[PDB]
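S.K.: Handing you this structure, nothing more for now.
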Amino acid sequence: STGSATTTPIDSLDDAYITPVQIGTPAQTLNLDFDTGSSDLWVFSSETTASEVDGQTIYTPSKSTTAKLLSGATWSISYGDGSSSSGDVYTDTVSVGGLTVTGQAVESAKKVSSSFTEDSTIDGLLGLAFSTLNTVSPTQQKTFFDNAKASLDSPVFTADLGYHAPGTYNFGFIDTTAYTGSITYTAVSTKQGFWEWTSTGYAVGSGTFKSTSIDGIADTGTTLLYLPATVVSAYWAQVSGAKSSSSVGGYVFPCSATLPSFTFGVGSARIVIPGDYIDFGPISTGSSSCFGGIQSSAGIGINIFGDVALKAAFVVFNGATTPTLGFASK
C-alpha cells in the first residue's frame with residue numbers, strides 16, 4: 001500500500017504545516033501537524049476542557065463506531081517550545097491520503113496548553129519519530145508509520161514541504177518526479193528516539209564550505225533551523241544590521257537587508273536554503289525589525305533541522321531495519 005497527502009502552511013510565514021487526517025467511522029477529518037520530532041498522535045476532542053478549545057475541529061470518539069477506549073491508558077507530553085497536552089486514549093481507524101491503519105492509538109486531549117488553544121488551525125499532532133518516544137502509559141503505543149510500515153510497498157515516508165506553498169507527505173514510495181539530481185542517504189542514530197543524523201558542514205551565501213560535523217534532528221514539527229552559536233553567528237555576520245536580541249529572543253535584522261543563502265552538507269552533497277526562506281517577518285506588526293529563521297540551539301541541547309532547512313529539500317525517512325535519511329535538492 002501507499003498514501004499521499006497534501007500538507008499546507010498554516011499562515012503566510014510557514015510557521016507550521018497541517019495535513020488532513022481521517023479518524024473513525026464515519027470519518028472525522030482533523031488537520032494535524034505531522035511531527036518527525038515526536039511520537040504521539042493526539043487530538044483536540046469532545047473531552048478537551050471547553051475553555052481550552054477555540055476554533056479547532058474536535059474528534060468525538062462516541063460518534064465513531066470503530067472507536068474503542070484503551071482502558072487505563074493515559075498520556076502526557078511537553079514540547080521544546082514549552083507547550084504541552086495530556087489525556088486518555090482510544091484506538092480507532094486512521095487514514096492519511098488513502099493509507100489506512102486500523103487500531104491506531106488516538107490520544108484524546110483532556111488538557112492542552114495555551115499555545116495550542118491559541119492556534120485555531122492545528123487540531124492535533126501526528127508524530128513520526130520513533131515509537132520509543134511515545135508517552136502512552138502503561139503500554140507504549142506505536143506511531144502511525146510504525147503501524148503502517150509492514151503493509152507499505154516500501155518502509156519509508158517522504159516530506160516535501162513547500163516555501164509559502166503546499167507540499168506533500170508520501171507513505172510507502174519515493175516520487176522520483178519530486179526532486180532533482182540524486183538522493184544522498186546518510187546514517188541515523190535512533191538512540192534518542194529522533195531522526196538524528198550528522199551534517200558534514202555549511203556555507204553562508206557564496207562563501208567557502210566549512211567541513212565540520214553537525215549532529216542534529218530532522219524535525220518537521222519545528223519551524224526554524226537551530227544550529228550551534230558559532231555557525232549562527234557566522235551567518236548573521238553577513239547580514240547588515242543583524243543582531244541578537246535578548247528581549248526578542250534571537251537574531252533579528254532589518255528587512256531592508258538582503259539575506260544570504262545557507263548551505264548544509266549531506267555527505268558530499270549540498271542543500272541550499274535560499275535567503276528568502278530565512279525571513280520570518282516583523283517581530284511585531286509595523287516593526288522594521290524582522291525575525292531570523294536561523295537561530296542558536298544553545299540551551300536546547302540539540303541541533304534541529306526544522307522546516308526552514310527541510311523545505312529546501314526532498315527528504316526520505318527510511319524506516320528500513322537500519323533507518324537512514326535521504327536528502328535531495330528540488
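In the C-alpha cells, the first chain shown is A, the next is B, and so on; residue numbers restart at 1 for each chain, and ligands run from 1 in the order shown.
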Write down as a list in words the residues of stretch 34-103 of chain A whose backbone DSSP state falls under helix (DSSP H, G or I).
M.R.: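 Selection result, helix (DSSP H, G or I) within stretch 34-103 of chain A: residues 50, 51, 52, 61, 62 and 63 of chain A.
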S.K.: Go ahead and save the residues from that selection, with N, CA, C and O atoms, as a compact mmCIF listing (two decimals), in the first residue's frame.
M.R.:
# COMPACT_ATOMS: atom_id res chain seq x y z
N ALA A 50 -13.46 22.67 27.92
CA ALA A 50 -14.13 23.56 26.98
C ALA A 50 -13.41 24.89 26.79
O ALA A 50 -13.31 25.40 25.66
N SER A 51 -12.93 25.46 27.89
CA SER A 51 -12.27 26.77 27.85
C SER A 51 -10.95 26.75 27.09
O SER A 51 -10.39 27.80 26.79
N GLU A 52 -10.47 25.55 26.79
CA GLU A 52 -9.18 25.37 26.12
C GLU A 52 -9.35 25.06 24.64
O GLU A 52 -8.36 24.86 23.92
N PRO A 61 -15.02 10.60 20.03
CA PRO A 61 -14.98 9.14 19.90
C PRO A 61 -16.36 8.47 19.99
O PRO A 61 -16.56 7.43 19.36
N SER A 62 -17.30 9.05 20.73
CA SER A 62 -18.61 8.44 20.89
C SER A 62 -19.40 8.37 19.58
O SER A 62 -20.36 7.60 19.47
N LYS A 63 -18.99 9.16 18.59
CA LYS A 63 -19.65 9.16 17.28
C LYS A 63 -18.95 8.23 16.29
O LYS A 63 -19.37 8.12 15.14
S.K.: Could you list, as an MDAnalysis selection string, every residue within 6 Å of stretch 86-96 of chain A, counting only C-alpha atoms and ignoring same-chain residues fewer than 2 positions away?
M.R.: chainID A and resid 21:24 66:70 73:76 98:111
S.K.: Generate a file of the selected residues that holds N, CA, C and O atoms, formatted as a compact mmCIF listing (two decimals), in the first residue's frame.
M.R.:
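Contents of result_1.txt, as written:
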# COMPACT_ATOMS: atom_id res chain seq x y z
N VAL A 21 -6.34 14.38 8.10
CA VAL A 21 -6.28 13.02 8.58
C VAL A 21 -7.71 12.59 8.90
O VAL A 21 -8.46 13.31 9.59
N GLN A 22 -8.09 11.43 8.39
CA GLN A 22 -9.41 10.85 8.65
C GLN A 22 -9.35 9.93 9.87
O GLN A 22 -8.55 8.99 9.91
N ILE A 23 -10.22 10.18 10.84
CA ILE A 23 -10.26 9.40 12.07
C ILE A 23 -11.66 8.89 12.31
O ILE A 23 -12.62 9.67 12.35
N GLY A 24 -11.77 7.58 12.50
CA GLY A 24 -13.02 6.98 12.91
C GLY A 24 -13.98 6.63 11.79
O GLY A 24 -13.69 6.82 10.61
N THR A 66 -16.01 2.60 15.32
CA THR A 66 -14.80 1.80 15.40
C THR A 66 -13.89 2.24 16.57
O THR A 66 -12.84 1.64 16.81
N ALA A 67 -14.29 3.29 17.29
CA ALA A 67 -13.53 3.75 18.45
C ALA A 67 -13.66 2.78 19.63
O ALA A 67 -14.75 2.32 19.94
N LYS A 68 -12.53 2.50 20.28
CA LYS A 68 -12.53 1.67 21.49
C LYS A 68 -11.62 2.32 22.53
O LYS A 68 -10.48 2.69 22.24
N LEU A 69 -12.13 2.48 23.74
CA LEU A 69 -11.34 3.03 24.82
C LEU A 69 -10.17 2.11 25.08
O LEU A 69 -10.34 0.88 25.17
N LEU A 70 -8.98 2.68 25.19
CA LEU A 70 -7.82 1.90 25.60
C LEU A 70 -7.78 2.00 27.12
O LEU A 70 -7.25 2.97 27.67
N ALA A 73 -5.33 3.70 29.97
CA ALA A 73 -4.22 4.39 29.32
C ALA A 73 -4.32 5.91 29.46
O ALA A 73 -5.39 6.50 29.34
N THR A 74 -3.18 6.53 29.75
CA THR A 74 -3.09 7.98 29.78
C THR A 74 -1.85 8.41 29.02
O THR A 74 -0.97 7.60 28.73
N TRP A 75 -1.77 9.70 28.71
CA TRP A 75 -0.62 10.24 28.00
C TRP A 75 -0.40 11.67 28.47
O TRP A 75 -1.31 12.33 28.94
N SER A 76 0.83 12.14 28.33
CA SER A 76 1.19 13.49 28.74
C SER A 76 2.50 13.86 28.06
O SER A 76 3.48 13.12 28.17
N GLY A 98 -5.33 8.16 1.73
CA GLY A 98 -5.64 6.85 1.17
C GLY A 98 -5.04 5.63 1.87
O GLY A 98 -5.39 4.50 1.56
N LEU A 99 -4.13 5.85 2.81
CA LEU A 99 -3.48 4.78 3.58
C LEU A 99 -4.16 4.65 4.93
O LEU A 99 -4.23 5.62 5.68
N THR A 100 -4.62 3.44 5.24
CA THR A 100 -5.44 3.19 6.41
C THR A 100 -4.76 2.26 7.40
O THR A 100 -4.26 1.19 7.05
N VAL A 101 -4.76 2.69 8.66
CA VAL A 101 -4.32 1.87 9.79
C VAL A 101 -5.53 1.61 10.67
O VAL A 101 -6.24 2.55 11.06
N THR A 102 -5.79 0.35 10.98
CA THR A 102 -6.82 0.04 11.97
C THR A 102 -6.13 -0.13 13.32
O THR A 102 -4.96 -0.50 13.37
N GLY A 103 -6.83 0.19 14.39
CA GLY A 103 -6.27 0.02 15.72
C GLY A 103 -5.19 1.01 16.09
O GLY A 103 -4.37 0.72 16.96
N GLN A 104 -5.19 2.17 15.44
CA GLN A 104 -4.25 3.22 15.77
C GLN A 104 -4.59 3.87 17.10
O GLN A 104 -5.74 4.23 17.33
N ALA A 105 -3.59 4.06 17.96
CA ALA A 105 -3.79 4.81 19.18
C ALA A 105 -4.01 6.29 18.84
O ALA A 105 -3.17 6.94 18.23
N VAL A 106 -5.18 6.79 19.24
CA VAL A 106 -5.58 8.18 19.04
C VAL A 106 -5.71 8.76 20.43
O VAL A 106 -6.59 8.36 21.21
N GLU A 107 -4.81 9.67 20.76
CA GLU A 107 -4.68 10.18 22.12
C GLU A 107 -5.56 11.41 22.23
O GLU A 107 -5.36 12.41 21.54
N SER A 108 -6.58 11.29 23.07
CA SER A 108 -7.59 12.32 23.20
C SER A 108 -7.22 13.32 24.28
O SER A 108 -7.00 12.93 25.43
N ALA A 109 -7.13 14.59 23.92
CA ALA A 109 -6.69 15.60 24.88
C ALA A 109 -7.80 15.94 25.86
O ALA A 109 -8.92 16.27 25.46
N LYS A 110 -7.48 15.87 27.14
CA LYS A 110 -8.33 16.47 28.16
C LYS A 110 -7.84 17.88 28.48
O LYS A 110 -8.64 18.76 28.82
N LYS A 111 -6.54 18.08 28.39
CA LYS A 111 -5.93 19.38 28.66
C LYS A 111 -4.93 19.70 27.56
O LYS A 111 -4.23 18.81 27.09
S.K.: Give me the stretch 175-222 of chain A side of the contact with stretch 299-323 of chain A, cut-off 6 Å, one line per residue showing its nearest atom pair and distance in Å at one decimal, counting only C-alpha atoms, sorted by chain and residue number, as a Markdown table.
M.R.:
| residue | atom | partner | partner_atom | distance |
| --- | --- | --- | --- | --- |
| A:216 | CA | A:303 | CA | 4.4 |
| A:217 | CA | A:304 | CA | 5.0 |
| A:218 | CA | A:305 | CA | 5.0 |
| A:219 | CA | A:306 | CA | 4.9 |
| A:220 | CA | A:307 | CA | 5.5 |
| A:222 | CA | A:306 | CA | 4.8 |
S.K.: Export N, CA, C and O atoms of the chosen residues as a PDB file, in the first residue's frame?
M.R.:
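Produced file out20.pdb, reproduced below:
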ATOM      1  N   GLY A 216      22.317  16.633  14.453  1.00  0.00           N
ATOM      2  CA  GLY A 216      21.028  17.251  14.677  1.00  0.00           C
ATOM      3  C   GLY A 216      19.893  16.347  14.261  1.00  0.00           C
ATOM      4  O   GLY A 216      20.131  15.228  13.779  1.00  0.00           O
ATOM      5  N   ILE A 217      18.663  16.824  14.442  1.00  0.00           N
ATOM      6  CA  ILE A 217      17.498  16.013  14.106  1.00  0.00           C
ATOM      7  C   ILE A 217      16.694  16.633  12.974  1.00  0.00           C
ATOM      8  O   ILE A 217      16.592  17.847  12.856  1.00  0.00           O
ATOM      9  N   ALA A 218      16.136  15.765  12.136  1.00  0.00           N
ATOM     10  CA  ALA A 218      15.220  16.182  11.080  1.00  0.00           C
ATOM     11  C   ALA A 218      13.831  16.249  11.692  1.00  0.00           C
ATOM     12  O   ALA A 218      13.227  15.208  11.987  1.00  0.00           O
ATOM     13  N   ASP A 219      13.335  17.477  11.892  1.00  0.00           N
ATOM     14  CA  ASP A 219      12.140  17.726  12.698  1.00  0.00           C
ATOM     15  C   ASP A 219      11.115  18.609  11.975  1.00  0.00           C
ATOM     16  O   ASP A 219      11.201  19.833  12.013  1.00  0.00           O
ATOM     17  N   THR A 220      10.116  17.978  11.365  1.00  0.00           N
ATOM     18  CA  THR A 220       9.097  18.719  10.623  1.00  0.00           C
ATOM     19  C   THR A 220       8.214  19.557  11.545  1.00  0.00           C
ATOM     20  O   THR A 220       7.543  20.476  11.089  1.00  0.00           O
ATOM     21  N   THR A 222       9.230  21.503  14.013  1.00  0.00           N
ATOM     22  CA  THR A 222       9.919  22.712  14.458  1.00  0.00           C
ATOM     23  C   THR A 222      10.027  23.654  13.267  1.00  0.00           C
ATOM     24  O   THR A 222      10.414  23.246  12.178  1.00  0.00           O
TER      25      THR A 222
END
S.K.: Can you list, as a PyMOL selection string, every protein, DNA or RNA residue that comes within 8 Å of residue A:153 when you count only C-alpha atoms, leaving out same-chain residues fewer than 5 positions away?
M.R.: chain A and resi 1-2+172-173
S.K.: Name the residues of stretch 55-294 of chain A that come out as strand (DSSP E or B) in a backbone DSSP run; write them as a PyMOL selection string.
M.R.: chain A and resi 59+68-78+84-96+99-112+124-127+137+156-160+167-171+184-187+189+196-204+210-218+225-227+243-245+250-254+262-266+269-273+279-282+289-292+294
S.K.: May I have the residues within 8 Å of stretch 197-204 of chain A as a VMD selection string, using only C-alpha atoms and disregarding those fewer than 2 positions away in the same chain?
M.R.: chain A and resid 186 to 189 195 206 to 218 234 to 235 238 260 to 268 325
S.K.: For the selection you just gave me, I'd like the residues written to a file as an mmCIF file, in the first residue's frame, keeping C-alpha atoms.
M.R.:
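Ended up saving to selection_29.cif:
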data_model
loop_
_atom_site.group_PDB
_atom_site.id
_atom_site.type_symbol
_atom_site.label_atom_id
_atom_site.label_comp_id
_atom_site.auth_asym_id
_atom_site.auth_seq_id
_atom_site.Cartn_x
_atom_site.Cartn_y
_atom_site.Cartn_z
ATOM 1 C CA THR A 186 23.072 9.449 5.494
ATOM 2 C CA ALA A 187 23.207 7.437 8.727
ATOM 3 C CA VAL A 188 20.659 7.812 11.513
ATOM 4 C CA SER A 189 21.011 7.273 15.254
ATOM 5 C CA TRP A 195 15.696 11.012 13.143
ATOM 6 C CA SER A 206 28.688 32.335 -1.818
ATOM 7 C CA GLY A 207 31.253 31.614 0.892
ATOM 8 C CA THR A 208 33.526 28.606 1.015
ATOM 9 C CA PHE A 209 32.147 25.433 2.553
ATOM 10 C CA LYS A 210 33.225 24.687 6.122
ATOM 11 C CA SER A 211 33.678 20.964 6.769
ATOM 12 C CA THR A 212 32.515 20.247 10.287
ATOM 13 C CA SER A 213 30.230 17.641 11.832
ATOM 14 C CA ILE A 214 26.860 18.950 12.997
ATOM 15 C CA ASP A 215 24.714 16.390 14.828
ATOM 16 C CA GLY A 216 21.028 17.251 14.677
ATOM 17 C CA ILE A 217 17.498 16.013 14.106
ATOM 18 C CA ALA A 218 15.220 16.182 11.080
ATOM 19 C CA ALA A 234 28.841 33.345 11.107
ATOM 20 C CA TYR A 235 25.558 33.506 9.199
ATOM 21 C CA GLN A 238 26.870 38.528 6.733
ATOM 22 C CA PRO A 260 22.314 35.253 2.024
ATOM 23 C CA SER A 261 21.535 31.611 1.367
ATOM 24 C CA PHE A 262 22.645 28.932 3.808
ATOM 25 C CA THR A 263 24.050 25.621 2.584
ATOM 26 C CA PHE A 264 24.259 22.468 4.681
ATOM 27 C CA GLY A 265 26.110 19.291 3.840
ATOM 28 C CA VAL A 266 24.640 15.826 3.441
ATOM 29 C CA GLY A 267 27.628 13.595 2.887
ATOM 30 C CA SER A 268 29.351 15.077 -0.158
ATOM 31 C CA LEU A 325 17.726 9.699 5.988
#
S.K.: I want to know what sits within 10 Å of residue A:115, based on only C-alpha atoms, with residues of the same chain fewer than 5 positions away left out; could you give that as a PyMOL selection string?
M.R.: chain A and resi 52+81-84+120
S.K.: Quick one: of A:225, A:39, A:297, A:240, who's nearest to residue A:280, counting only C-alpha atoms?
M.R.: A:225
S.K.: Just checking: using only C-alpha atoms, which residue out of A:13, A:123, A:49, A:229 ends up closest to residue A:290?
M.R.: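 Smallest separation from residue A:290 among the options: A:13.
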S.K.: What does the structure give for the distance between atom CA of residue A:149 and atom CA of residue A:28, in Å to one decimal?
M.R.: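 Straight-line distance from atom CA of residue A:149 to atom CA of residue A:28 works out to 23.1 Å.
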S.K.: Using only C-alpha atoms, can you tell me which of A:127, A:193, A:26, A:97 comes closest to residue A:221?
M.R.: A:127
